[PDB]
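A.B. asks: How does the following fold in three dimensions:
(one chain, ligands or ions: 2)
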Amino acid sequence: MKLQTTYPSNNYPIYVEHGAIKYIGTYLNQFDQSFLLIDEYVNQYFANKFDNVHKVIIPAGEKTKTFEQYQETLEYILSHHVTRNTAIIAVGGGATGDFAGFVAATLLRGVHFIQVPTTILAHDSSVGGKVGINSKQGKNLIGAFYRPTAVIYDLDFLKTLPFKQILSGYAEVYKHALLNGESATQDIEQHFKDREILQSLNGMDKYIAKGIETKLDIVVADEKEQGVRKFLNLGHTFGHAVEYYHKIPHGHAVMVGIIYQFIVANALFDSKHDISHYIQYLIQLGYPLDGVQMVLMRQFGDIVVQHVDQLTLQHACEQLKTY
Ligand SMILES: NC(=O)c1ccc[n+]([C@@H]2O[C@H](COP(=O)([O-])OP(=O)(O)OC[C@H]3O[C@@H](n4cnc5c(N)ncnc54)[C@H](O)[C@@H]3O)[C@@H](O)[C@H]2O)c1
Ligand SMILES: [Zn+2]
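C.D. replies: Residues are numbered from 1 along each chain as shown. Ligands and ions are numbered 1, 2, ... in the order given. Have a look at this structure:
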């Protein structure tokens, strides 16, 4: 399946399929040089699937998204007397994509950029143009909006994901379903009903694709997060925090924030959200359970963005600790 952005100009394809890795060669030709920036671990796993093109091994996961690693990689690459017709190919998860993407965005004011996502959670991150690094202050505080030349998503990369990464990635697949509606949420809940099915990845393809289409509507609609793209931050308000203190996986935190979010909506609008229902769903999936802006779902199809006071968040956290 090939998806494609529909902006008034400068659009990119999104190849989602088992074996899409092939499509990378078709591009590589039209580039002077190509820098294969690949994750430390990811390189171990697929160094062979890849062996004018240079491989740059960067730290694992979030370890590379530092301002320091940003200077070193740009410098190292710059030393290779590059040109504006150079491409940065990002092989790895969301962390490498963001980092490599920020290098590609700032190198010579912007060079060519190929996204090669290898995680479930990367179905979300490789789409939309958000790239960047973290700051000693907080998460993705420094970055840019920069459209890749193409997104090449090969589903076979997913076969080697520990369950920990499956769970983490699922949170985003599930967030999109939530944002996509009540019918898509009950649809995905019934399929991925337990840890076993989830861990097997059976049918994740369809849901991943569905997830990309959902976001592809929102980001083409509101590219710079000036309107509806803020709905994508569902459960990231409380998620982004929890993550930075307990350093759990990104997706694990989102789920906790998605629960939290439901609790808050119940306080304000009294949505009558079966919190007990969502909690049990996380338990069945195998999730280890151990005015501030905010994207709140008042009802499926009625997503809102508004401030919330400490007292409401204080009470929303009280309720959550119940579980
Ligand atoms: N719009 C956006 O740009 C956006 C949206 C969502 C999340 N994010 C960012 O993305 C990151 C989270 O995504 P992530 O989970 O992919 O991060 P990640 O890069 O850290 O990948 C998770 C782990 O999986 C390993 N891994 C990668 N591919 C693998 C594979 N096929 N087999 C086995 N192990 C593999 C990595 O080495 C890493 O240890 C965060 O840094 C977050 O801030 C950005
Ligand atoms: Zn996210």
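
A.B. asks: just the helices in this protein please.
C.D. replies: Per DSSP state H, the chain carries helices over the ranges 23-28, 40-50, 67-79, 94-106, 122-125, 163-180, 182-191, 195-200, 204-221, 237-246, 250-268, 275-285, 310-322.

A.B. asks: helices and strands around the first one, which ones?
C.D. replies: Where contact means 3 or more Cβ pairs under 8 Å, 6 or more residues apart in numbering; DSSP states H and E, helix 23-28 is packed against strand 87-92, strand 112-117, strand 150-154. No exception for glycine: its C-beta is placed from N, CA and C like everyone else's.

A.B. asks: hmm, 6 Å instead?
C.D. replies: Helix 23-28 is packed against no helix or strand, with contacts defined by 3 or more Cβ pairs under 6 Å, 6 or more residues apart in numbering; DSSP states H and E.

A.B. asks: How about the residue in the stretch 151-300 of the chain that ligand 1 sits nearest to, nearest residue that isn't a chain neighbour?
C.D. replies: Distances between the stretch 151-300 of the chain and ligand 1 by Cβ to the nearest ligand atom are smallest at residue 160, namely 3.6 Å. Using Cβ to Cβ, 6 or more residues apart in numbering and skipping residues adjacent in sequence, the residue nearest residue 160 is residue 45, 5.4 Å away.

A.B. asks: Switch the helices of the chain over to JSON lines; also include mean neighbour count and distance to residue 59.
C.D. replies: JSON lines is the format used below for these (neighbours: other Cβ atoms under 10 Å; distance: least, Cβ to Cβ, whole Å):
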{"stretch": "helix 23-28", "mean neighbour count": "15", "distance to residue 59": "22"}
{"stretch": "helix 40-50", "mean neighbour count": "15", "distance to residue 59": "6"}
{"stretch": "helix 67-79", "mean neighbour count": "14", "distance to residue 59": "6"}
{"stretch": "helix 94-106", "mean neighbour count": "26", "distance to residue 59": "9"}
{"stretch": "helix 122-125", "mean neighbour count": "26", "distance to residue 59": "17"}
{"stretch": "helix 163-180", "mean neighbour count": "23", "distance to residue 59": "17"}
{"stretch": "helix 182-191", "mean neighbour count": "15", "distance to residue 59": "33"}
{"stretch": "helix 195-200", "mean neighbour count": "15", "distance to residue 59": "27"}
{"stretch": "helix 204-221", "mean neighbour count": "19", "distance to residue 59": "26"}
{"stretch": "helix 237-246", "mean neighbour count": "17", "distance to residue 59": "18"}
{"stretch": "helix 250-268", "mean neighbour count": "24", "distance to residue 59": "16"}
{"stretch": "helix 275-285", "mean neighbour count": "16", "distance to residue 59": "29"}
{"stretch": "helix 310-322", "mean neighbour count": "13", "distance to residue 59": "33"}
